[PDB]
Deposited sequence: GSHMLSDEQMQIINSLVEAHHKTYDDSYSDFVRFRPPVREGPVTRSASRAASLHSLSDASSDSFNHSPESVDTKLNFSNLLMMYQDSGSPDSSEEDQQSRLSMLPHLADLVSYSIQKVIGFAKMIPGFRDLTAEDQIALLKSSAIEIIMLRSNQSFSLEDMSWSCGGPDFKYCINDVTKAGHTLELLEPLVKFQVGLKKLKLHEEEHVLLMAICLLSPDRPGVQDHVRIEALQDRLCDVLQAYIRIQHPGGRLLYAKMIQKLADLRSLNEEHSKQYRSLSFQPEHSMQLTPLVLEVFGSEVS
């Protein structure tokens, strides 16, 4: 088999979108409220999540067919998938050696302990770390990583989605280019596509647990006041 020019241009647009929205230098992290090592890590991690949401919006706008959707569908997909894309894209900084996300200096080295200092419990942090480990072990090509983010965002089974048909057609076209990429470009990846689809189910379960834990902190004004307007809007329950 061989993949078409149409499938090849989808890949080209997605890796270009990811290169424009993911700053490998982590140079903007100095602009966030500093890390502090109750809920001492909440200001810094709220700033990091807020910055990541902007990057996800930027990536989403460069996905073919996303901008063409209605503003309501664009908002529904982002409000629902935002946290899953953040967890996926965070895998680029994840280190199997330290079991932590490393973003330049030791100031931006986030371990499991720093995340408990932002209000999270091991009911979320245990499956999240186990997710990062298994994702990293997949040794995904940049092409597969970006296709997975685009498939995750363009999921039609999200609350608020009106044009299910159109969104599923965009997601199916993205799954086809992923299956064909793995088949012809990934050596010994006969089981990879199925493993990647399982990671999407794991993300749904992580989103569930994150929504529960976020609800716990958003209901305490002394904690919610530490979040950013963008985090409040995106993780909010407004329809």
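Undergrad: In sequence order, name the stretches of the deposited sequence that have no C-alpha in these coordinates.
TA: Going by the record, the segments left unmodelled (no C-alpha atoms) fall at 1-2, 40-99, 302.
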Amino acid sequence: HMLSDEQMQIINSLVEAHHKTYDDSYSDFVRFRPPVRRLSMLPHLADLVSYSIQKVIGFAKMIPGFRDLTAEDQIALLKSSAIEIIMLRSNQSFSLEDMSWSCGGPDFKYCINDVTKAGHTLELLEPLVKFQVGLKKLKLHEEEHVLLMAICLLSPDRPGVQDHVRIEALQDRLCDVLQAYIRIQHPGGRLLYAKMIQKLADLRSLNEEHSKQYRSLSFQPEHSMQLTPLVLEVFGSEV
From here on, numbers count along this sequence of modelled residues.
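Whichever C-alpha set is largest while still superposing within 1.5 Å between the two forms counts as the rigid core.
Undergrad: 206-214 versus 179-187: which one's CA atoms end up farther from this form in 9 other deposited structures of this protein after a core fit?
TA: When 179-187 and 206-214 are compared in 9 other deposited structures of this protein, the bigger C-alpha shift is seen for 179-187.
Undergrad: Please work out which of 70-78 and 100-108 has the higher mean CA B-factor as recorded in the PDB entry.
TA: In the deposited entry, the stretch with the higher C-alpha B-factor mean is 100-108.
Undergrad: Mean C-alpha B-factor higher for 169-177, or for 49-57?
TA: For C-alpha atoms only, the mean B-factor is higher in 169-177.
Undergrad: Within this chain, which third does the Cα B-factor at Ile184 fall in: lowest, middle or highest?
TA: For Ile184, the deposited C-alpha B-factor lands in the highest third.
Undergrad: Comparing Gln92 with the other modelled residues of its chain, is its CA B-factor in the lowest, middle or highest third?
TA: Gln92: CA B-factor falls in the lowest third of its chain.
Undergrad: Ranked by Cα temperature factor within the chain, is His164 in the lowest third, the middle third or the highest third?
TA: As the PDB entry reports it, the C-alpha B-factor of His164 lands in the highest third of its chain.
Undergrad: Check where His44 lands among this chain's C-alpha B-factors and tell me if it's the lowest, middle or highest third.
TA: Ranked within chain, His44 CA B lands in the lowest tercile.
Undergrad: By the record's CA B-factor, is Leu122 among the lowest, middle or highest third of residues in the chain?
TA: As the PDB entry reports it, the C-alpha B-factor of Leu122 lands in the highest third of its chain.
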